[PDB]
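Right, one structure below, let's go through it.
Just so you know, all these numbers are worked out from the coordinates, no wet-lab data involved. Cβ: placed from backbone, ideal geometry, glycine included. Neighbour counts: every protein chain shown.
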Amino acid sequence: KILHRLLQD
Amino acid sequence: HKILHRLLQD
Amino acid sequence: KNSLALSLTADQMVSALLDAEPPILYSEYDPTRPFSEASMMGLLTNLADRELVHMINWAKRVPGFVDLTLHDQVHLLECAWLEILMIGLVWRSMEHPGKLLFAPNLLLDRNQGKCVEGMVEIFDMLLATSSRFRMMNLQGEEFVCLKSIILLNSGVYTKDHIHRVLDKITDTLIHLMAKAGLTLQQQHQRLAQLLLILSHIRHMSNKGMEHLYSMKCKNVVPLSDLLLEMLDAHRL
Amino acid sequence: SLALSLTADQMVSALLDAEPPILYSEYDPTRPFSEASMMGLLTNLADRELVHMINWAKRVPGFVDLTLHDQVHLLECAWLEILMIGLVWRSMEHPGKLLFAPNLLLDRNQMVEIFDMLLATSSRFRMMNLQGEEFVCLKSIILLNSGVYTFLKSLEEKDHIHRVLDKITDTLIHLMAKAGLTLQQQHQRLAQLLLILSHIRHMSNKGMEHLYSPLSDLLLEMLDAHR
Ligand SMILES: CCN(c1ccc(OC)cc1)S(=O)(=O)[C@@H]1C[C@@H]2O[C@H]1C(c1ccc(O)cc1)=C2c1ccc(O)cc1
């Protein structure tokens, strides 16, 4: 998920 | 004309 | 013009709410465990229909509610009725973990929840609420305050009198927690905890209401006219 | 473990510091707009706000202590509520209007059901004279609370969230005591503020429902979570 990605940046 | 209108009246 | 409700003491408010409490109703005595959408909703529609009649006469005994215009009384009940049924369900389900006590003779586990679609999701939310209440050791005096808050709040933005009555119930809630020996910090922390759960009860109601429409625009159980009118007040 | 070692003043300081910027829309006063282009403007705006919300969420004390999967869930549940309370806050000083953006101020003539409820909430905040320090507390509460009851013996994650929640409550009370409110007034105002959250949840749910009655890739996935 996009939300998933942007969170772990 | 709602049933609730009637039931709330007494 | 002056409301009687605001003149009551904290204990008088508690006593009034306790005395106005509706009874726990039974469902049909058929020992058949409902394992179909029809049989399930069949028993539940019947139960909630009878509960509604008690709720309407309960609301009239909530201090401050009588001071409202007939139209405002209708509006609040139309907005809050499913929330009130739910918090009642959750309250009496407390001492039955993993189970929902719709009636003393109608105890359901989530294994039966599946048997309508999207029910098991609401089922788990209700179970979580009940478990949350149990761990908090929610008292009956606290419960009746919360239920009255739901009544007066859920339709208030859709006025000053209601907010004063709501403040009165807040005072009552704190009074109960102080009587229970809670420290000042424990008091406002618990009040916040309880009121935040009301947000989730609203959520469950929004979701549940959505499914009562699907069931209606499925022509499944004969829905009573009262229910159909309580239901259509939430239509888009 | 930092979240639980902050004073009330430090909590407020951190939340004010984490506050996202107010973004502009692409509204052009001279251009004519259909219902499609107006929703396009709002979708573009909301989609850009989400990126800032995510970074704001990570600066909310306690949020990064959570597992990634729990972070996703909380944001999935609360994103619309948080957008709404943000909209309502910056619309306070514009009675009868919602300030979606500094260049985008709308009245009910230009969804109208949700609009009305958002106006009512804004009017409600104005009457209470909601402070910015109180607003950031409320918004953080929404982020942490909205999904906490819809998550495996993890339950410690739930416990940590509730401890942080209790802290924000302490912080709220601290703020009201600072403003010179009596003990009774603090408890009353606390209740008033938190009851409004139930309405914001209501507005979010009804908003979604009316929508299912074009979107960005991120929004579509956020939307997925409430279905
Ligand atoms: C029924 C239309 N709605 C809606 C739209 C999209 C959506 O999710 C994709 C959910 C609801 S709605 O709730 O009215 C919604 C509220 C308000 O107007 C709609 C809306 C919005 C949000 C996202 C969109 O892709 C489109 C519209 C609002 C909004 C936008 C930004 C912001 O900072 C605050 C609010």
Inset, instruction - Treating cross-link reach as a plain straight distance, find the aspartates and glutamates whose alpha-carbon is under 13 Å from the alpha-carbon of residue C:168, omitting any fewer than eight places away in the same chain. - result: C:11, C:160
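Below 13 angstrom from the Cβ of residue D:53, what's the summed charge of the other residues (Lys, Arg +1; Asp, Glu -1)?
Details: positive: D:48, D:58, D:59, D:139; negative: D:19, D:47, D:49, D:76, D:81.
Charge balance near residue D:53 sits at -1.
Just counting partner chain Cβ atoms within 10 Å, what average do the residues of peptide C:201-211 show around their Cβ? Mind dumping the intermediate values first?
Working: counts 3, 8, 10, 2, 3, 8, 3, 0, 3, 5, 0.
Counting other chains' Cβ atoms within 10 Å and averaging over C:201-211 gives 4.
Out of the range C:100-155, which GluC sites (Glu not before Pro) are coil in DSSP terms and have no more than 16 other C-beta atoms within 10 Å? Let's see the in-between values first.
Working: sites: C:117, C:121, C:141, C:142; in loops: C:117.
Sparse-neighbourhood loop GluC sites (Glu not before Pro): C:117.
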Legend entry - Set of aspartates and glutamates with alpha-carbon distance to residue C:216 below 18 Å, sequence-local pairs under 8 removed: C:37, C:49, C:78, C:117, C:225, C:229, C:232, D:209
Inset, instruction - Before rounding to the nearest 500, sum -39500 (n - 2.57) across all DSSP H runs of length at least 4 in chain D and divide by the residue total; then give [θ] at 222 nm in deg cm²/dmol. - result: -22000 deg cm²/dmol
Legend entry - Set C:218/D:97; C:99/D:206; C:179/D:167 screened for pairs whose C-alpha atoms are more than 32 Å apart: C:218/D:97
Legend entry - Cβ-based charge dipole, the range D:159-227, positive-most Cα from D:188, D:161, D:205: D:188
Legend entry - For the range D:95-108, Karplus couplings with θ = phi - 60° (6.51, -1.76, 1.60), whole Hz, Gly/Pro x: x, x, 9, 10, 8, 4, 8, x, 9, 9, 10, 10, 9, 5
